[PDB]
$ cat upload_22.cif   # mmCIF, C-alpha atoms and all ligand atoms
data_final
#
loop_
_atom_site.group_PDB
_atom_site.id
_atom_site.type_symbol
_atom_site.label_atom_id
_atom_site.label_comp_id
_atom_site.auth_asym_id
_atom_site.auth_seq_id
_atom_site.Cartn_x
_atom_site.Cartn_y
_atom_site.Cartn_z
ATOM 1 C CA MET H 1 101.427 113.577 117.090
ATOM 2 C CA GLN H 2 98.440 111.365 117.893
ATOM 3 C CA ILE H 3 97.770 108.057 116.161
ATOM 4 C CA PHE H 4 95.222 105.373 117.048
ATOM 5 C CA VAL H 5 95.699 101.625 117.413
ATOM 6 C CA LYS H 6 92.617 99.394 117.264
ATOM 7 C CA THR H 7 92.239 95.633 117.615
ATOM 8 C CA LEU H 8 89.508 93.242 116.475
ATOM 9 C CA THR H 9 87.758 93.918 118.705
ATOM 10 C CA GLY H 10 88.869 95.713 120.503
ATOM 11 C CA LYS H 11 89.602 98.923 122.368
ATOM 12 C CA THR H 12 91.182 101.831 120.537
ATOM 13 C CA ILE H 13 94.302 103.172 122.174
ATOM 14 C CA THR H 14 96.262 106.301 121.406
ATOM 15 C CA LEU H 15 99.984 106.839 120.995
ATOM 16 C CA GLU H 16 102.082 110.013 120.785
ATOM 17 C CA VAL H 17 104.552 109.598 117.950
ATOM 18 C CA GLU H 18 106.580 111.496 115.386
ATOM 19 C CA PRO H 19 106.557 110.573 111.677
ATOM 20 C CA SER H 20 110.185 109.435 111.923
ATOM 21 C CA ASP H 21 109.295 106.769 114.518
ATOM 22 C CA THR H 22 110.174 103.249 113.450
ATOM 23 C CA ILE H 23 107.556 100.477 113.569
ATOM 24 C CA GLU H 24 109.768 98.932 116.253
ATOM 25 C CA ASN H 25 109.389 102.153 118.243
ATOM 26 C CA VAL H 26 105.626 101.980 117.862
ATOM 27 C CA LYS H 27 105.493 98.402 119.137
ATOM 28 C CA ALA H 28 107.560 99.420 122.153
ATOM 29 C CA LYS H 29 105.086 102.237 122.859
ATOM 30 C CA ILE H 30 102.196 99.764 122.686
ATOM 31 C CA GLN H 31 104.081 97.465 125.099
ATOM 32 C CA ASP H 32 104.608 100.368 127.527
ATOM 33 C CA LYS H 33 100.955 101.255 127.424
ATOM 34 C CA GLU H 34 99.233 97.889 127.110
ATOM 35 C CA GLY H 35 101.778 95.247 128.174
ATOM 36 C CA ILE H 36 101.743 93.332 124.879
ATOM 37 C CA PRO H 37 105.203 92.063 123.855
ATOM 38 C CA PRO H 38 106.373 93.466 120.476
ATOM 39 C CA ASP H 39 107.040 89.909 119.240
ATOM 40 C CA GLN H 40 103.282 89.261 119.566
ATOM 41 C CA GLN H 41 102.239 92.401 117.677
ATOM 42 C CA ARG H 42 101.289 92.627 114.028
ATOM 43 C CA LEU H 43 100.438 96.167 112.930
ATOM 44 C CA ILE H 44 98.546 96.888 109.704
ATOM 45 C CA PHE H 45 97.787 100.185 107.957
ATOM 46 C CA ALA H 46 95.443 100.369 104.971
ATOM 47 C CA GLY H 47 95.855 96.636 104.420
ATOM 48 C CA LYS H 48 99.642 96.950 104.482
ATOM 49 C CA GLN H 49 101.724 94.936 106.952
ATOM 50 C CA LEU H 50 104.119 97.231 108.824
ATOM 51 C CA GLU H 51 107.763 96.104 108.974
ATOM 52 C CA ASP H 52 109.978 96.779 112.011
ATOM 53 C CA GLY H 53 112.796 98.800 110.444
ATOM 54 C CA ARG H 54 110.614 101.136 108.410
ATOM 55 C CA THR H 55 109.097 104.369 109.723
ATOM 56 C CA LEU H 56 105.576 105.777 109.934
ATOM 57 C CA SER H 57 106.431 108.305 107.226
ATOM 58 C CA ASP H 58 107.475 105.425 104.921
ATOM 59 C CA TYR H 59 103.834 104.296 104.998
ATOM 60 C CA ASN H 60 102.340 107.809 104.771
ATOM 61 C CA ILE H 61 100.956 107.466 108.291
ATOM 62 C CA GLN H 62 99.889 110.909 109.495
ATOM 63 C CA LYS H 63 98.008 112.593 112.354
ATOM 64 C CA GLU H 64 95.027 110.597 113.662
ATOM 65 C CA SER H 65 95.673 107.682 111.299
ATOM 66 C CA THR H 66 94.370 104.356 112.607
ATOM 67 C CA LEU H 67 96.570 101.277 112.746
ATOM 68 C CA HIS H 68 95.180 97.807 113.286
ATOM 69 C CA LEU H 69 96.743 95.518 115.862
ATOM 70 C CA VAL H 70 96.471 91.760 115.405
ATOM 71 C CA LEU H 71 98.065 89.343 117.872
ATOM 72 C CA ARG H 72 100.648 86.889 116.533
ATOM 73 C CA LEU H 73 100.581 83.229 117.476
ATOM 74 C CA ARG H 74 103.684 81.055 117.132
ATOM 75 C CA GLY H 75 103.948 77.340 117.863
ATOM 76 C CA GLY H 76 106.149 76.126 120.691
ATOM 77 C CA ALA E 857 80.775 123.892 139.956
ATOM 78 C CA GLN E 858 82.792 126.060 137.560
ATOM 79 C CA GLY E 859 84.969 123.198 136.362
ATOM 80 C CA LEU E 860 83.501 123.163 132.866
ATOM 81 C CA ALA E 861 83.750 126.926 132.480
ATOM 82 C CA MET E 862 87.391 126.762 133.573
ATOM 83 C CA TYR E 863 88.134 124.084 130.988
ATOM 84 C CA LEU E 864 86.402 126.058 128.216
ATOM 85 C CA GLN E 865 87.951 129.458 128.915
ATOM 86 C CA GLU E 866 91.367 130.299 127.565
ATOM 87 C CA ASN E 867 93.979 128.578 129.717
ATOM 88 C CA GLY E 868 97.583 129.459 130.451
ATOM 89 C CA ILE E 869 100.550 127.165 129.941
ATOM 90 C CA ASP E 870 103.945 127.845 131.489
ATOM 91 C CA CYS E 871 107.246 126.506 130.204
ATOM 92 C CA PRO E 872 108.456 124.224 132.983
ATOM 93 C CA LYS E 873 112.078 125.102 132.134
ATOM 94 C CA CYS E 874 112.153 128.905 131.715
ATOM 95 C CA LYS E 875 108.800 129.721 133.411
ATOM 96 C CA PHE E 876 107.578 131.847 130.476
ATOM 97 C CA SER E 877 103.782 132.210 130.420
ATOM 98 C CA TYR E 878 101.674 131.597 127.309
ATOM 99 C CA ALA E 879 98.031 131.352 126.383
ATOM 100 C CA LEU E 880 97.208 127.768 125.408
ATOM 101 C CA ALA E 881 96.093 127.272 121.821
ATOM 102 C CA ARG E 882 94.246 123.973 121.537
ATOM 103 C CA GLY E 883 94.268 121.900 118.366
ATOM 104 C CA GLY E 884 97.833 120.620 118.343
ATOM 105 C CA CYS E 885 99.424 117.443 119.705
ATOM 106 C CA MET E 886 100.912 116.787 123.164
ATOM 107 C CA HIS E 887 104.438 117.780 122.047
ATOM 108 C CA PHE E 888 104.976 121.390 123.127
ATOM 109 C CA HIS E 889 108.069 123.398 122.248
ATOM 110 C CA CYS E 890 108.744 126.565 124.217
ATOM 111 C CA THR E 891 109.305 129.386 121.685
ATOM 112 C CA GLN E 892 111.613 131.217 124.076
ATOM 113 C CA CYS E 893 113.998 128.468 125.210
ATOM 114 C CA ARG E 894 113.150 125.537 122.879
ATOM 115 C CA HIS E 895 112.397 123.187 125.783
ATOM 116 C CA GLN E 896 110.131 120.337 124.690
ATOM 117 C CA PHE E 897 107.527 119.124 127.193
ATOM 118 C CA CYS E 898 104.211 117.336 127.582
ATOM 119 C CA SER E 899 101.098 119.505 127.777
ATOM 120 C CA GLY E 900 99.530 116.943 130.080
ATOM 121 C CA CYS E 901 102.101 116.489 132.816
ATOM 122 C CA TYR E 902 104.857 119.006 132.048
ATOM 123 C CA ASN E 903 107.532 116.339 131.983
ATOM 124 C CA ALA E 904 110.287 116.668 129.409
ATOM 125 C CA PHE E 905 110.263 115.035 125.986
ATOM 126 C CA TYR E 906 113.609 113.506 125.094
ATOM 127 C CA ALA E 907 114.567 113.063 121.449
ATOM 128 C CA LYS E 908 115.906 109.701 120.235
ATOM 129 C CA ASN E 909 118.879 108.446 122.264
ATOM 130 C CA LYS E 910 119.159 111.409 124.657
ATOM 131 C CA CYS E 911 116.914 110.199 127.485
ATOM 132 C CA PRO E 912 118.578 109.759 130.938
ATOM 133 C CA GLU E 913 116.890 106.565 132.256
ATOM 134 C CA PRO E 914 118.342 103.041 132.094
ATOM 135 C CA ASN E 915 116.650 101.180 130.838
ATOM 136 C CA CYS E 916 113.889 103.072 129.123
ATOM 137 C CA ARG E 917 112.703 100.528 126.529
ATOM 138 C CA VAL E 918 111.326 103.452 124.489
ATOM 139 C CA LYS E 919 114.850 104.983 124.597
ATOM 140 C CA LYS E 920 115.450 104.896 120.855
ATOM 141 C CA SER E 921 112.541 107.246 120.259
ATOM 142 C CA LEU E 922 111.111 110.659 121.004
ATOM 143 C CA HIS E 923 109.299 110.154 124.300
ATOM 144 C CA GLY E 924 108.580 111.430 127.781
ATOM 145 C CA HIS E 925 108.092 109.650 131.086
ATOM 146 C CA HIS E 926 104.471 110.366 131.916
ATOM 147 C CA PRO E 927 102.820 109.734 135.304
ATOM 148 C CA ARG E 928 99.800 107.450 135.361
ATOM 149 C CA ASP E 929 97.452 110.405 135.738
ATOM 150 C CA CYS E 930 98.678 112.249 132.643
ATOM 151 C CA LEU E 931 96.124 112.773 129.866
ATOM 152 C CA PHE E 932 98.598 110.744 127.779
ATOM 153 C CA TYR E 933 97.149 107.657 129.518
ATOM 154 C CA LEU E 934 93.740 108.873 130.641
ATOM 155 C CA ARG E 935 92.549 109.905 127.162
ATOM 156 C CA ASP E 936 92.263 106.153 126.469
ATOM 157 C CA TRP E 937 89.680 105.610 129.216
ATOM 158 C CA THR E 938 85.970 105.596 128.443
ATOM 159 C CA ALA E 939 84.034 108.646 129.638
ATOM 160 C CA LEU E 940 82.108 106.266 131.908
ATOM 161 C CA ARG E 941 85.290 105.128 133.653
ATOM 162 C CA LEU E 942 86.631 108.690 134.051
ATOM 163 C CA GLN E 943 83.225 109.584 135.501
ATOM 164 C CA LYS E 944 83.521 106.691 137.938
ATOM 165 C CA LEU E 945 86.849 107.928 139.285
ATOM 166 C CA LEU E 946 85.221 111.315 139.940
ATOM 167 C CA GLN E 947 82.042 109.808 141.389
ATOM 168 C CA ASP E 948 83.992 107.488 143.705
ATOM 169 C CA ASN E 949 85.628 110.600 145.156
ATOM 170 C CA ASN E 950 82.555 112.832 145.428
ATOM 171 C CA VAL E 951 83.590 115.220 142.673
ATOM 172 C CA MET E 952 80.763 116.828 140.706
ATOM 173 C CA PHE E 953 80.942 117.123 136.902
ATOM 174 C CA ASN E 954 78.718 118.282 134.032
ATOM 175 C CA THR E 955 76.790 116.040 131.656
ATOM 176 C CA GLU E 956 74.686 118.855 130.204
ATOM 177 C CA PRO E 957 75.815 122.212 128.747
ATOM 178 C CA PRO E 958 75.441 125.387 130.870
ATOM 179 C CA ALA E 959 71.787 126.393 131.304
ATOM 180 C CA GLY E 960 72.567 129.621 129.471
ATOM 181 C CA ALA E 961 74.600 128.249 126.576
ATOM 182 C CA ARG E 962 75.081 129.608 123.056
ATOM 183 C CA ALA E 963 74.463 127.922 119.693
ATOM 184 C CA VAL E 964 77.604 126.736 117.901
ATOM 185 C CA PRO E 965 77.566 127.699 114.200
ATOM 186 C CA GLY E 966 78.014 124.576 112.083
ATOM 187 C CA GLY E 967 79.019 122.311 114.968
ATOM 188 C CA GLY E 968 79.057 120.435 117.024
ATOM 189 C CA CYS E 969 81.639 120.678 119.801
ATOM 190 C CA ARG E 970 82.101 124.203 121.180
ATOM 191 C CA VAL E 971 85.794 123.989 122.118
ATOM 192 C CA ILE E 972 87.783 126.610 120.229
ATOM 193 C CA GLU E 973 90.770 125.183 118.344
ATOM 194 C CA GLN E 974 93.526 126.786 116.328
ATOM 195 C CA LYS E 975 93.048 124.584 113.253
ATOM 196 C CA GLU E 976 95.271 124.054 110.234
ATOM 197 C CA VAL E 977 93.675 125.380 107.046
ATOM 198 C CA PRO E 978 95.135 126.020 103.562
ATOM 199 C CA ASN E 979 97.923 128.591 104.081
ATOM 200 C CA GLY E 980 97.956 128.937 107.867
ATOM 201 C CA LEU E 981 95.877 128.666 111.022
ATOM 202 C CA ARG E 982 92.320 129.648 111.902
ATOM 203 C CA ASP E 983 90.506 129.796 115.230
ATOM 204 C CA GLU E 984 87.331 127.742 114.890
ATOM 205 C CA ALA E 985 84.980 125.608 116.978
ATOM 206 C CA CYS E 986 85.943 121.943 117.120
ATOM 207 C CA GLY E 987 82.605 121.028 115.560
ATOM 208 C CA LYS E 988 82.804 117.271 116.170
ATOM 209 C CA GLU E 989 79.691 115.262 117.111
ATOM 210 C CA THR E 990 78.365 115.941 120.613
ATOM 211 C CA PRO E 991 76.980 112.777 122.282
ATOM 212 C CA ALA E 992 74.176 113.059 124.826
ATOM 213 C CA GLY E 993 75.566 113.519 128.318
ATOM 214 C CA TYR E 994 78.898 114.942 127.165
ATOM 215 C CA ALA E 995 78.051 118.534 128.179
ATOM 216 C CA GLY E 996 78.046 119.866 124.614
ATOM 217 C CA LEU E 997 81.565 118.624 123.985
ATOM 218 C CA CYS E 998 82.788 115.866 121.650
ATOM 219 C CA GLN E 999 84.126 112.572 122.996
ATOM 220 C CA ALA E 1000 87.762 113.645 123.104
ATOM 221 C CA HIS E 1001 87.179 117.079 124.584
ATOM 222 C CA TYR E 1002 84.711 115.731 127.150
ATOM 223 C CA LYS E 1003 87.431 113.321 128.327
ATOM 224 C CA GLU E 1004 89.954 116.202 128.568
ATOM 225 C CA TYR E 1005 87.420 118.078 130.712
ATOM 226 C CA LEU E 1006 86.991 115.105 133.049
ATOM 227 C CA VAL E 1007 90.770 114.660 133.236
ATOM 228 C CA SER E 1008 91.152 118.334 134.214
ATOM 229 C CA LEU E 1009 88.926 117.598 137.237
ATOM 230 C CA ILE E 1010 90.688 114.339 138.047
ATOM 231 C CA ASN E 1011 94.042 116.119 138.077
ATOM 232 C CA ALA E 1012 92.752 119.144 139.992
ATOM 233 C CA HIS E 1013 91.644 116.839 142.817
ATOM 234 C CA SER E 1014 94.732 114.573 142.752
ATOM 235 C CA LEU E 1015 92.642 111.495 142.047
ATOM 236 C CA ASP E 1016 94.578 108.271 141.486
ATOM 237 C CA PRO E 1017 93.465 106.241 138.435
ATOM 238 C CA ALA E 1018 95.173 103.135 139.905
ATOM 239 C CA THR E 1019 92.261 102.768 142.320
ATOM 240 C CA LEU E 1020 90.245 101.466 139.360
ATOM 241 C CA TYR E 1021 92.963 99.365 137.684
ATOM 242 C CA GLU E 1022 92.371 95.712 136.900
ATOM 243 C CA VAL E 1023 95.220 93.328 137.780
ATOM 244 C CA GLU E 1024 96.634 93.427 134.227
ATOM 245 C CA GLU E 1025 96.778 97.232 134.402
ATOM 246 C CA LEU E 1026 98.528 97.081 137.775
ATOM 247 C CA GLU E 1027 101.063 94.656 136.284
ATOM 248 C CA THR E 1028 101.680 96.901 133.267
ATOM 249 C CA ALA E 1029 102.047 100.034 135.421
ATOM 250 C CA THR E 1030 104.350 98.099 137.737
ATOM 251 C CA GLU E 1031 106.624 97.059 134.858
ATOM 252 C CA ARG E 1032 106.655 100.617 133.575
ATOM 253 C CA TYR E 1033 107.456 102.531 136.766
ATOM 254 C CA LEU E 1034 109.285 99.946 138.871
ATOM 255 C CA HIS E 1035 111.065 98.179 136.001
ATOM 256 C CA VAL E 1036 110.077 94.730 137.283
ATOM 257 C CA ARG E 1037 107.522 92.244 135.955
ATOM 258 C CA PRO E 1038 105.448 91.295 138.998
ATOM 259 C CA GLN E 1039 104.002 87.877 139.685
ATOM 260 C CA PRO E 1040 101.987 86.283 142.503
ATOM 261 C CA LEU E 1041 104.018 85.003 145.432
ATOM 262 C CA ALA E 1042 103.560 81.387 146.443
ATOM 263 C CA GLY E 1043 100.481 81.155 148.665
ATOM 264 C CA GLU E 1044 99.122 84.483 147.435
ATOM 265 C CA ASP E 1045 95.558 84.355 146.087
ATOM 266 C CA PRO E 1046 94.391 86.552 143.187
ATOM 267 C CA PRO E 1047 92.663 89.201 145.345
ATOM 268 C CA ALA E 1048 95.679 89.472 147.678
ATOM 269 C CA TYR E 1049 97.949 89.779 144.666
ATOM 270 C CA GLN E 1050 95.924 92.689 143.237
ATOM 271 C CA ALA E 1051 95.854 94.411 146.631
ATOM 272 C CA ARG E 1052 99.640 94.091 147.002
ATOM 273 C CA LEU E 1053 100.278 95.554 143.524
ATOM 274 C CA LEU E 1054 97.959 98.490 144.208
ATOM 275 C CA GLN E 1055 99.600 99.060 147.584
ATOM 276 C CA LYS E 1056 103.127 98.982 146.166
ATOM 277 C CA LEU E 1057 102.314 101.233 143.214
ATOM 278 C CA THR E 1058 100.625 103.841 145.401
ATOM 279 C CA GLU E 1059 103.456 104.096 147.934
ATOM 280 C CA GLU E 1060 106.325 103.926 145.439
ATOM 281 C CA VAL E 1061 105.180 105.825 142.350
ATOM 282 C CA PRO E 1062 103.760 109.280 142.980
ATOM 283 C CA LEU E 1063 101.124 110.897 140.796
ATOM 284 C CA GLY E 1064 102.428 113.609 138.465
ATOM 285 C CA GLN E 1065 104.716 115.923 140.405
ATOM 286 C CA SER E 1066 104.337 118.800 137.929
ATOM 287 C CA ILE E 1067 100.586 118.518 137.299
ATOM 288 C CA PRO E 1068 98.981 121.611 138.888
ATOM 289 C CA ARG E 1069 96.665 120.719 141.793
ATOM 290 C CA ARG E 1070 93.963 122.387 143.845
ATOM 291 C CA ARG E 1071 95.749 123.988 146.808
ATOM 292 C CA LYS E 1072 93.218 124.308 149.640
HETATM 293 ZN ZN ZN F 1101 103.417 115.524 118.229
HETATM 294 ZN ZN ZN F 1102 111.023 127.824 128.020
HETATM 295 ZN ZN ZN F 1103 102.445 113.695 129.958
HETATM 296 ZN ZN ZN F 1104 113.273 107.444 128.655
HETATM 297 ZN ZN ZN F 1105 85.656 118.767 120.486
#
$ encode --input "upload_22.cif" --output "C-alpha cells"
Amino acid sequence: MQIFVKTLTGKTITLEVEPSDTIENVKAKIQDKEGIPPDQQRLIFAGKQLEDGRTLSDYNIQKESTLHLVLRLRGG
Amino acid sequence: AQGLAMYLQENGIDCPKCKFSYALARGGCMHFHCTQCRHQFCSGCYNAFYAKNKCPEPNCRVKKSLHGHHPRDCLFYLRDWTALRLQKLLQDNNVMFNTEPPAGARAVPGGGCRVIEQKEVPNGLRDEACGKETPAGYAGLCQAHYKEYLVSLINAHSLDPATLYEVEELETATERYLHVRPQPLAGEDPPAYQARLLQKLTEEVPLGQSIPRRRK
C-alpha cells in the first residue's frame, strides 16, 4: 500500500507499507530509502505526532495518506 | 517508437513462483498475491515479499516488517524521481520517449489521464480511466503514470539509475546493498570518492535480475 512522506521542504517520497506496520517500521523504511537515521526522524499525520510502538492503522493512516517528516535535533 | 502504446495496452504479469500468466489490472498497490499459489511478489521487480519476521537476510533492518529486497531500478525506487530526471537517464542513453499523446488519440470522458484502472467503488470494482490531471509534456498521462511509462523504458533498456546518483545516494545504496556505511579513504578527494562508490556499486550489485529486458 502506498503512502507519501513529505518534508518542509522538501521532496515527497513514497513507501510501500501495510496498515499493521509500526511507526518504527516506517522509520526504518525511510532510512533504507533516504539514509536518515530513525532517531533523527519525527513523523506527523494530521497534526498528530506518531509514536514508535503504534501502527499506521492506530492513526487511521490509509492508502495515499501523506505523512510529514521533520528532522530532530538533540544537543551533544 | 511503440513504447507508449506498449505501456498503455493491457500487459501480462506472470507469477515468478508458479509461472501462471495473468492480465495485469492496474489500480492496486505493489503487493501482488498470486491467486493460484499465494506467492507474494513485487509488481516492479518480481522479487518476493516476506511477511514480518520470515525474511532470509541477516541483517535486513526492515526485517520486522512486510518487505521485499528491491533492486535500484525497481519502480519502488524510481517512482520517487522527477519526470525530468527519468527523462535524463533515457536521454543520456539515446532512448526516445513521448512527451505528447499519439497523433491520432481519443478524447477521455471526464478525465484526465487515459490509463485504465480497476478502481474501488461502492460495492466492488469498476474499470475506469485514471482521470488525474495531465501536465503538458506528459504524453496525456498523469504524473504518476507518466513516470511508470518512463520506468518501463528504463527497465526495457537495462539503464542504470546509479549513473545519475549524487554522492549521498551512492552512500545510501551502498549501505543498503553492501551492508556497509562507506566513507572517504584518507587522501581521497570528493570526486574520487564518488567515482569509487559508483564503480563498486556497479560491479557488485546487479540491476534487477527478474526485471524483463529487451533481448536483441
Ligand atoms: Zn500494498
Ligand atoms: Zn503463483
Ligand atoms: Zn520491486
Ligand atoms: Zn529482508
Ligand atoms: Zn494516471
$ atom_distance --input "upload_22.cif" --atom1 "atom CA of residue 1002 of chain E" --atom2 "atom CA of residue 945 of chain E"
14.6 Å
$ interface_residues --input "upload_22.cif" --of "chain H" --to "chain E" --cutoff "9 Å" --atoms "all atoms listed in the file" --output "PyMOL selection string"
chain H and resi 1-2+11-18+20-22+25-26+28-29+31-35+63
$ residues_near_ligand --input "upload_22.cif" --ligand "ligand ZN 1103 (chain F)" --cutoff "10 Å" --atoms "all atoms listed in the file" --output "list in words"
residues 16 of chain H; 886, 887, 897, 898, 899, 900, 901, 902, 903, 904, 905, 923, 924, 925, 926, 927, 928, 929, 930, 931, 932, 933, 934, 1064, 1066 and 1067 of chain E
$ closest_atom_pairs --input "upload_22.cif" --of "chain E" --to "ligand ZN 1102 (chain F)" --cutoff "8 Å" --atoms "all atoms listed in the file" --output "CSV"
residue,atom,partner,partner_atom,distance
E:870,CA,F:ZN1102,ZN,7.9
E:871,CA,F:ZN1102,ZN,4.6
E:872,CA,F:ZN1102,ZN,6.6
E:873,CA,F:ZN1102,ZN,5.0
E:874,CA,F:ZN1102,ZN,4.0
E:875,CA,F:ZN1102,ZN,6.1
E:876,CA,F:ZN1102,ZN,5.8
E:889,CA,F:ZN1102,ZN,7.9
E:890,CA,F:ZN1102,ZN,4.6
E:891,CA,F:ZN1102,ZN,6.7
E:892,CA,F:ZN1102,ZN,5.2
E:893,CA,F:ZN1102,ZN,4.1
E:894,CA,F:ZN1102,ZN,6.0
E:895,CA,F:ZN1102,ZN,5.3
$ closest_residue --input "upload_22.cif" --among "E:971, E:1057, E:1009, E:880" --to "residue 1038 of chain E" --atoms "all atoms listed in the file"
E:1057
$ atom_distance --input "upload_22.cif" --atom1 "atom CA of residue 1013 of chain E" --atom2 "atom CA of residue 941 of chain E"
16.2 Å
$ decode --input "upload_22.cif" --residues "segment 985-1002 of chain E" --atoms "N, CA, C and O atoms" --output "mmCIF file, in the first residue's frame"
data_model
loop_
_atom_site.group_PDB
_atom_site.id
_atom_site.type_symbol
_atom_site.label_atom_id
_atom_site.label_comp_id
_atom_site.auth_asym_id
_atom_site.auth_seq_id
_atom_site.Cartn_x
_atom_site.Cartn_y
_atom_site.Cartn_z
ATOM 1 N N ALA E 985 -11.067 5.140 -16.584
ATOM 2 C CA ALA E 985 -9.855 5.920 -16.825
ATOM 3 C C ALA E 985 -9.399 6.566 -15.537
ATOM 4 O O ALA E 985 -10.221 7.036 -14.741
ATOM 5 N N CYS E 986 -8.082 6.597 -15.360
ATOM 6 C CA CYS E 986 -7.437 7.233 -14.216
ATOM 7 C C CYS E 986 -8.034 8.615 -13.944
ATOM 8 O O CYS E 986 -8.514 8.886 -12.846
ATOM 9 N N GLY E 987 -8.029 9.473 -14.958
ATOM 10 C CA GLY E 987 -8.692 10.758 -14.861
ATOM 11 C C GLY E 987 -7.939 11.869 -14.146
ATOM 12 O O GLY E 987 -8.426 12.998 -14.085
ATOM 13 N N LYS E 988 -6.762 11.569 -13.605
ATOM 14 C CA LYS E 988 -5.975 12.597 -12.919
ATOM 15 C C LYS E 988 -5.458 13.651 -13.898
ATOM 16 O O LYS E 988 -5.421 13.412 -15.108
ATOM 17 N N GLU E 989 -5.070 14.813 -13.365
ATOM 18 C CA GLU E 989 -4.566 15.922 -14.175
ATOM 19 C C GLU E 989 -3.440 15.466 -15.095
ATOM 20 O O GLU E 989 -2.624 14.625 -14.718
ATOM 21 N N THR E 990 -3.414 16.010 -16.305
ATOM 22 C CA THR E 990 -2.404 15.650 -17.295
ATOM 23 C C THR E 990 -1.529 16.846 -17.664
ATOM 24 O O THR E 990 -1.891 17.633 -18.536
ATOM 25 N N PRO E 991 -0.363 16.974 -17.007
ATOM 26 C CA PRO E 991 0.543 18.104 -17.239
ATOM 27 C C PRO E 991 1.018 18.152 -18.682
ATOM 28 O O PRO E 991 1.079 17.110 -19.332
ATOM 29 N N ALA E 992 1.355 19.341 -19.174
ATOM 30 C CA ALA E 992 1.933 19.459 -20.502
ATOM 31 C C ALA E 992 3.238 18.675 -20.564
ATOM 32 O O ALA E 992 4.050 18.725 -19.642
ATOM 33 N N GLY E 993 3.431 17.938 -21.649
ATOM 34 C CA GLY E 993 4.665 17.205 -21.842
ATOM 35 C C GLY E 993 4.675 15.833 -21.196
ATOM 36 O O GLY E 993 5.700 15.152 -21.207
ATOM 37 N N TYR E 994 3.544 15.418 -20.631
ATOM 38 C CA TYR E 994 3.468 14.101 -20.001
ATOM 39 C C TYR E 994 2.669 13.099 -20.850
ATOM 40 O O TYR E 994 2.130 12.122 -20.333
ATOM 41 N N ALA E 995 2.602 13.366 -22.152
ATOM 42 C CA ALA E 995 2.029 12.437 -23.133
ATOM 43 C C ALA E 995 0.580 12.027 -22.870
ATOM 44 O O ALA E 995 0.163 10.938 -23.262
ATOM 45 N N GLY E 996 -0.180 12.892 -22.209
ATOM 46 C CA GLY E 996 -1.580 12.608 -21.941
ATOM 47 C C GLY E 996 -1.793 11.746 -20.711
ATOM 48 O O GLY E 996 -2.903 11.284 -20.437
ATOM 49 N N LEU E 997 -0.717 11.533 -19.964
ATOM 50 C CA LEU E 997 -0.770 10.748 -18.746
ATOM 51 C C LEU E 997 -0.605 11.692 -17.553
ATOM 52 O O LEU E 997 -0.131 12.823 -17.713
ATOM 53 N N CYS E 998 -1.019 11.239 -16.373
ATOM 54 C CA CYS E 998 -0.806 11.986 -15.137
ATOM 55 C C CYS E 998 0.641 11.824 -14.684
ATOM 56 O O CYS E 998 1.402 11.059 -15.276
ATOM 57 N N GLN E 999 1.026 12.535 -13.632
ATOM 58 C CA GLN E 999 2.413 12.482 -13.175
ATOM 59 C C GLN E 999 2.862 11.061 -12.835
ATOM 60 O O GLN E 999 3.904 10.606 -13.287
ATOM 61 N N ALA E 1000 2.058 10.341 -12.068
ATOM 62 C CA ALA E 1000 2.472 9.013 -11.642
ATOM 63 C C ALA E 1000 2.541 8.031 -12.812
ATOM 64 O O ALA E 1000 3.480 7.231 -12.926
ATOM 65 N N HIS E 1001 1.544 8.076 -13.686
ATOM 66 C CA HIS E 1001 1.539 7.114 -14.780
ATOM 67 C C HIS E 1001 2.595 7.449 -15.824
ATOM 68 O O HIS E 1001 3.162 6.543 -16.431
ATOM 69 N N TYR E 1002 2.882 8.742 -16.009
ATOM 70 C CA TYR E 1002 3.956 9.135 -16.916
ATOM 71 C C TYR E 1002 5.282 8.553 -16.411
ATOM 72 O O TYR E 1002 6.059 8.000 -17.194
#
